[PDB]
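Trainee: Sequence first, structure after; it's an experimental one.
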Amino acid sequence: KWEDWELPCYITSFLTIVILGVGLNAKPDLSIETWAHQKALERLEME
Amino acid sequence: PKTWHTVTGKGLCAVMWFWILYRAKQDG
Amino acid sequence: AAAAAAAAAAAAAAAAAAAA
Amino acid sequence: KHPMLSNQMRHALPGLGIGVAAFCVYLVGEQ
Amino acid sequence: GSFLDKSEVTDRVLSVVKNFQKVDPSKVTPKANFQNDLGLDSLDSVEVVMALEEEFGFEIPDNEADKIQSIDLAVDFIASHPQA
Amino acid sequence: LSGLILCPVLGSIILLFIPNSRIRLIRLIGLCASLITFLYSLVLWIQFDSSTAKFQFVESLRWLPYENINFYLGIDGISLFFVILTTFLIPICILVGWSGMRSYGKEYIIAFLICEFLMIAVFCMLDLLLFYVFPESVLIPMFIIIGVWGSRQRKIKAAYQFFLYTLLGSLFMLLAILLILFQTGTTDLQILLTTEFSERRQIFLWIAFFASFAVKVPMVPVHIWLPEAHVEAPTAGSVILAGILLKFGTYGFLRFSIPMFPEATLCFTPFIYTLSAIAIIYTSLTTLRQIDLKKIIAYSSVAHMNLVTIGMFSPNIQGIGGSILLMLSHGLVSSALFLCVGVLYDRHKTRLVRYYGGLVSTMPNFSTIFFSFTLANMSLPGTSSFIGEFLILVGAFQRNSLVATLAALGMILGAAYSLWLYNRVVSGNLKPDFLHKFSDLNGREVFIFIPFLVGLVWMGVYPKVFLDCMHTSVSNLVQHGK
Amino acid sequence: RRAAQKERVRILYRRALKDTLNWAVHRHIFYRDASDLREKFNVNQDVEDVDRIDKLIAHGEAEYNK
Amino acid sequence: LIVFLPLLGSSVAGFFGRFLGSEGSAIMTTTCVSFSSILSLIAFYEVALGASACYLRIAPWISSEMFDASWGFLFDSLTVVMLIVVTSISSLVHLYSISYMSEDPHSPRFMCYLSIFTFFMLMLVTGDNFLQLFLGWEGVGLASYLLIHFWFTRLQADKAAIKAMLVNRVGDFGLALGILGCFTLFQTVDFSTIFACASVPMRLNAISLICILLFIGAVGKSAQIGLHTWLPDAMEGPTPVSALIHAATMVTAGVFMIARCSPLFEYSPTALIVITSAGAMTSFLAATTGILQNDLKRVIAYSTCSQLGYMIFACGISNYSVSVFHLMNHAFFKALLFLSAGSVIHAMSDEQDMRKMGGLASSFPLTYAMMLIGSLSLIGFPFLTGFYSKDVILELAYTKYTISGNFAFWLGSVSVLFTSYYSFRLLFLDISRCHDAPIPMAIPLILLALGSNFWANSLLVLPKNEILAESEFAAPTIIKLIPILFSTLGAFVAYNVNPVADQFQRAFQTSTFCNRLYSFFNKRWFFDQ
Amino acid sequence: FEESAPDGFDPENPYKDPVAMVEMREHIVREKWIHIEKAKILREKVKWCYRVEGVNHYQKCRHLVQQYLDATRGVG
Amino acid sequence: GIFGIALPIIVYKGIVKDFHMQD
Amino acid sequence: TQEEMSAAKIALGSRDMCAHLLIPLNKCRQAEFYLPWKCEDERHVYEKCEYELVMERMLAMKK
């Protein structure tokens, strides 16, 4: 954990781990379940 | 067990006898 | 992680209100 | 060591005599 | 407690020789073996063994029982054994 | 995808102009190129829409004008995270090689021959002719990875009759691919989906694909190449083999068997059922006979992969989800165990297995992590492999649960010998003759372990982000199988 | 080996005592029976022959089976 | 978050214990050498004991597609009950460990595994639908294994424990096949109306085979006589460890499933009779072949076998609530005497002599003295047991005879003879201190002796459901007197110096001495070889 | 997440229109998930019935739960 | 025995076929 | 007494047996913290009604 003592140059890999951490959900939605709870919910409105 | 604690710790098993007495009262 | 367990307890109160 | 083996019957119940007396005192109180 | 030094194991060898079933308290010594002056056979050897077993050692293998042949070997057993 | 697709090839070729005896630069920059291709794989994941039968990021380039058998590149559903796992794992091989000198094992050569994303190609390649070229093509990179830096246990070789059969099976699939290609001009996978074949010929074509596949898949009559290929494989050659080269056969079945030949698949369901079942039974009992650790993990991998087969059969969305997620969990778990056994080799420099003893003294953190992954290779419920295998199981959804009853033995013996071998390895203060050389794990070592454990737990507690991004595609596949 | 088997012949005295005492509290009963098994293995081996001593060791093993 | 507390404790003690130091809670790190302990798990854990019934809702778990997210539990007549029982047990075992630990440097990792055991048992006792239940169910099998070999003193012990754990595994697959068939038939997770679903409708007698597969699972996770995974091994591991497995993951977790699935055994009476048959046979045979076992530690398990066969029979006789309360109280009592065993084994750790019939029952501690209380109030006397949880359902077994017609089993389905016999077989059969039960060890025994009515009276809080109409019954009331005398025989007979009938030692008529079950009923019960 | 129920023009014999044949697959599977999620919504509503009763917690909805189940047929 | 499992495996296949004949 | 007994009590209990007096019993058992000393009189009256119930049902067991 010595950023200045990069004896094998792990800084690339650690920054990659940080970018994966910021690899958020992005809230894409756009799913078959997300679209289900709208279309089949209209179907529920049909009741 | 501490000797002072041991004297009052047992309770003399009197509470167990009360349970037997209440169970006997329920019987018959 | 005692105080970290307290942070998880804050998250736990959040999730409980989410159940409440 | 040797006294504990000899008084095992006495120590089978921690206060058998005192407990019976306490139980009798409780009865003479309930009545 | 106290640690098991050499004289600590000599005390255990003495507790072993304390088995005066058919041996003399004087003819059973740290050096005066039961077969030496007290008179021992497989019966008497296993007798001193079954006496000292609970008292001293408890880490003696069943194949080398008679290998002791003395109370100094019993002091050695109570000296090296993992139990004390 | 258009530009961010060719990161490993560009990196490899532009590094080929850097011989650079002083290794530091080639290691650093190859690792950075790998990590950025993995970053673009992951942003391609984020780019995904779990709502279309179409493929997510389609691209092409004319390859032969007539009938246009071109590089059709789709990443829908399964391929999405197959290429993700590929990238996920390639920096792992690049990172298991920060060895100081790495001289005879010339570092740039292994960099250039692991940084070939023909696995990415095949998983995105969506016209089964060029798709055919790639799994068979990756054999040239695999062979050089397997022995050039691979441990030499024998005169390096593979069973010659078995190898001839393995490649013959691969080329038998090629005849089937051509028969479909000229059957109706159908170049690519979308139109090979649309088209309809003769039931009399669908079965022949299915088994013809199945030859090569069930060689790539380790089914009971032909699976011996995994143990012999691994015990000689290098530390990073096994990580790739288990990781991807086994996924090849199951993904091949998934794309070019089930939605290709629905009637033939319907007809051969019991065939693959029994095949994979008896394969799991055999590879569960075998590690009794095998004492070799690499063979042990390879046979556990055979077991898991034939579970993937016993699940891919189904029109059960849960069925094929369990299939592909057992694939992901397997590319995680068996590769993590191969990482483990490679560390265990090197730190001990011994290739007997009875010699790994007193591990809790030498490398106890390795004991912890080795359990953290052997619970997975037996699929501790809670791990990713559990979600995978149990959706494999419930794959008896519209079924009548007679092959789950053979998966019974297949998995109970598997978990049993998993625990037995984890014991046998870490058991006792069995003092070895290593001259008080403890070999505690490296910070980079626990690093390269980090991502597998992270993926494993993140799946095992939250498989949504992987079952989602998949359901639309698999369900489309199923309805075409309906 | 008829008399050099001390470590061997005298070996299962404690074993007979214990497997005997393993039925009850067996303080008095098994203690007296342990002294008795001592006397039994002591009065034995009075023969000077390998075959008879072998029969005697067979009798001892049969006893230690009980 | 109310359930995941021991999981958190385990996750922090798993790594921070060996890198944190003196205090390790939040500050004072490695001021001295670590000496870290369970202190974190205890300070975080002891709160959950305050569980009291008020509506609580659900929370996400593995959101598989066919399955559901938002897992947990909603309040009924068993949720908080099992919760408080299991957290009491786990606190018990944790304090008893920190007593019995601190000498074996695998202690931190051990107690970690202990809390992971507790957490898997939780995920069982807190799963809304049986999929989380199967998660926790193979979790507790793996946890029983991880807890078996902590002491690890002998290796061939594990070389047998592997073939043992084969049975843990096959039971977990019994459960897996069961739940697979459920979702093939049920299509759902919710336990309320699945009774209505499957109550109306391979072999095509499926649903009954489903319930019996669930039973096979509940037994294959257990360790009683022929499904015993843990008997021949578990005592080399710490005493509270065997307490945990035998109490919780042997039976309690096995039957909490079938109780959450109580309507699922309701809808098939064929299933119910198949449970009752195997339960009564297991109790009968465990208690019966439980004759002349010689040890100082394992006899508690030698009791547990029958003491739980009777109870699984109770579950199978449609008195699921009765068996549940029986199991809470039996966990209590058997844990008290497990801790008594641990106290006397710590005594063996302080000296290596058997005492002269006065010290085999007490070294003169009052803190440990409650072993007599635990045992005798367990044995099946009308103190709080006997007619309670055993003999009323045996009065039902009288009617079970009236139905089936075999006047052998339910006449002697009470095993107070055998239980009392081997109880005393344990009670009987270098100077050390008069203070041999440490305080951090004994405080648990104190509070659990304290632990010994609105559940024992079940026809009050849940009175007269549809088919849950049982208890007093059209019964002859003679069982209110008869088995008390079997109890009294088993009580006084053992007061002799020789409880065994003479000439039992050598076999009868001098046939082969292998045909006796000694080599049989210790290693997988070896019934049909 | 914006699709259309019509599948263009597909006759029963699907070889003719590969465009329309793929579209029937991609949106009839959308209808498949329509009724699958309808069964799932009715299952959450079965849990809702159970939540509401809490004292019967099997009855007053159980036949309506059979109606729920009728979203699935052919149980044999 | 190995050929036994090989044929009993297709026998379980046939059991699936008998279940298909059940409806 | 069906649509009304559906409340505060499981599915009317027994309709043919007509327990008929669980109106204050459950109120006793649940209104307070259900400590052992809730109510002895309703307890014993329900025990005696269930006692004559057991009588009835044994005499139905007769034939």
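Mentor: In hand now; what should we look at? Numbers count the residues shown, from 1 in each chain, chains lettered A, B, ... in the order given.

Trainee: What parts of chain A come near chain I?
Mentor: Chain A comes close to chain I at residues A:29-41, A:43-44, as judged by Cβ under 8 Å from any Cβ of the partner chain. The way it works is simple: take the backbone N, C-alpha and C, and place the C-beta from them, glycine included.

Trainee: Need the nearest residue in space to residue F:461, chain neighbours excluded.
Mentor: Distances taken as Cβ to Cβ, 6 or more residues apart in numbering or on different chains put residue H:62 closest to residue F:461, at 6.4 Å, once the chain neighbours are dropped.

Trainee: Now chain K against chain J: closest residue?
Mentor: Evaluated by Cβ to the nearest Cβ, chain K has residue K:11 as its residue closest to chain J, separated by 36.1 Å.

Trainee: what's near enough to touch that residue?
Mentor: Applying Cβ atoms under 8 Å, 6 or more residues apart in numbering or on different chains, one finds that residue K:11 lies in contact with H:465-466, I:56, I:59.

Trainee: who wins for neighbours among those residues?
Mentor: Taking other Cβ atoms under 10 Å in any protein chain shown as the neighbour criterion, residue I:56 ranks highest of the contacts of residue K:11 with 19 neighbours.

Trainee: does that one really touch residue K:6, like I thought?
Mentor: Yes. At 6.5 Å, residue I:56 counts as touching residue K:6 under the criterion of Cβ atoms under 8 Å.

Trainee: intersection of neighbour lists for the two?
Mentor: Taking Cβ under 8 Å, 6+ apart as the contact rule, residue I:56 and residue K:6 touch no residue in common.

Trainee: In three-state terms, label the residue in the stretch 401-529 of chain H that chain E sits nearest to for me.
Mentor: Here the stretch 401-529 of chain H gets closest to chain E at one residue, residue H:430, 8.1 Å apart by Cβ to the nearest Cβ. When states are read from DSSP: H, G, I helix; E, B strand; the rest coil, the local structure at residue H:430 comes out as coil.

Trainee: returning to that earlier point: which of the contacts of residue K:11 sits closest to residue H:223?
Mentor: Within the contacts of residue K:11, the smallest distance to residue H:223 is 32.5 Å, found for residue H:465 (Cβ to Cβ).

Trainee: Tell me how far the closest one lies from residue H:279.
Mentor: Taking Cβ to Cβ, to the nearest Å as the measure, residue H:465 and residue H:279 are separated by 22 Å.

Trainee: same thing with residue F:77?
Mentor: Per Cβ to Cβ, residue F:77 is found 48 Å from residue H:279.

Trainee: Please identify which of the two sits among more neighbours.
Mentor: Set residue F:77 next to residue H:279 and count neighbours by other Cβ under 10 Å: residue F:77 wins out with 28 against 25.

Trainee: how about the more buried one, phi and psi?
Mentor: The phi and psi torsions at residue F:77 (degrees, to the nearest 10) take the values phi 50, psi -110.

Trainee: Then residue F:383?
Mentor: Residue F:383 has phi and psi values of phi -70, psi 170 when expressed as degrees, to the nearest 10.

Trainee: ok, back up a step: the residue nearest to residue F:461 in helix, strand or coil?
Mentor: From three-state DSSP, the assignment for residue H:62 is coil.

Trainee: thinking again about what came up before, TSV for the contacts of residue K:11, including secondary structure?
Mentor: What follows is those, written out as TSV (three-state DSSP):
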residue	secondary structure
H:465	coil
H:466	coil
I:56	coil
I:59	coil
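
Trainee: Out of those, which is nearest to residue H:304?
Mentor: The nearest member of the contacts of residue K:11 to residue H:304, counting by Cβ to Cβ, is residue H:465 at 30.7 Å.

Trainee: check contacts around that closest one.
Mentor: For residue H:465, the contacting residues are K:10-11, K:13, by Cβ under 8 Å, 6+ apart.

Trainee: now swap in residue H:79 and tell me
Mentor: When the contact criterion is Cβ under 8 Å, 6+ apart, the partners of residue H:79 are H:53, H:73, H:126.

Trainee: Please tell me how far it sits from residue H:44.
Mentor: Noted for residue H:79: a distance of 21 Å to residue H:44, by Cβ to Cβ.

Trainee: follow-up on the earlier one: burial check on the residue nearest to residue F:461, number of neighbours?
Mentor: 24.

Trainee: okay but the residue of the stretch 401-529 of chain H closest to chain E is in contact with residue H:354, surely?
Mentor: No. Using Cβ under 8 Å, residue H:430 and residue H:354 do not qualify as a contacting pair, with a distance of 11.6 Å.

Trainee: Among the two, which residue is more densely surrounded?
Mentor: When residue H:430 and residue H:354 are compared on other Cβ under 10 Å, the one with more neighbours turns out to be residue H:354, at 14 against 11.

Trainee: how about stretch H:376-387 against chain K, any contact?
Mentor: No. Residues of stretch H:376-387 contacting chain K under Cβ under 8 Å from any Cβ: none, with a closest distance of 12.6 Å.

Trainee: what about that stretch, distance to the chain center?
Mentor: Distance, stretch centre to chain centre, for stretch H:376-387: 18 Å (Cα atoms, centre = their mean, to the nearest Å).

Trainee: and if you look at stretch H:498-514?
Mentor: Relative to the centre of its chain, stretch H:498-514 is centred 33 Å away, using Cα atoms, centre = their mean.

Trainee: again, but for stretch H:266-284
Mentor: Counting by Cα atoms, centre = their mean, stretch H:266-284 is centred 19 Å from the centre of its parent chain.

Trainee: Is there proximity between that stretch and chain K?
Mentor: No. Counting by Cβ under 8 Å from any Cβ, chain K has no neighbours in stretch H:266-284; the shortest distance is 13.9 Å.

Trainee: for chain E, longest helix please?
Mentor: Of all the segments assigned as helix in chain E under DSSP state H, the longest by residue count is helix E:42-55.

Trainee: got it, and chain A?
Mentor: The helix that spans the most residues within chain A, counting by DSSP H, is helix A:32-45.

Trainee: Which strands and helices lie in contact with that helix?
Mentor: With contacts defined as 3 or more Cβ pairs under 8 Å, 6 or more residues apart in numbering or on different chains; DSSP states H and E, the secondary structure elements packing on helix A:32-45 are helix F:471-480, helix I:18-53.

Trainee: repeat that with 6 Å
Mentor: In terms of contacts (3 or more Cβ pairs under 6 Å, 6 or more residues apart in numbering or on different chains; DSSP states H and E), helix A:32-45 is packed against helix I:18-53.

Trainee: which strands and helices sit next to the helix it packs on?
Mentor: Helices and strands in packing contact with helix I:18-53 are listed as helix A:32-45, helix F:471-480, helix I:62-69; criterion 3+ Cβ pairs under 6 Å, 6+ apart.

Trainee: what about those helices, which gets the closest to residue H:132?
Mentor: Counting by Cβ to Cβ, residue H:132 lies closest to helix A:32-45 out of those; the figure is 20.1 Å.

Trainee: buried sites along that closest one?
Mentor: Neighbour-count burial for helix A:32-45 flags A:32-33, A:35-36, A:39-40 (criterion: 16 or more other Cβ atoms under 10 Å in any protein chain shown).

Trainee: How about the residues of chain D by chain B?
Mentor: Taking Cβ under 6 Å from any Cβ of the partner chain as the test, the list of chain D residues beside chain B reads D:13-15, D:18-19, D:22-23.

Trainee: In CSV, list these along with neighbour count.
Mentor: Converted to CSV, the residues of chain D next to chain B look like this (neighbours: other Cβ atoms under 10 Å in any protein chain shown):
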residue, neighbour count
D:13, 18
D:14, 20
D:15, 15
D:18, 14
D:19, 19
D:22, 18
D:23, 19
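
Trainee: Which ones among those residues map onto helices?
Mentor: For those, membership in helices holds for D:18-19, D:22-23, with DSSP H as the criterion.

Trainee: Cool, thanks, signing off.
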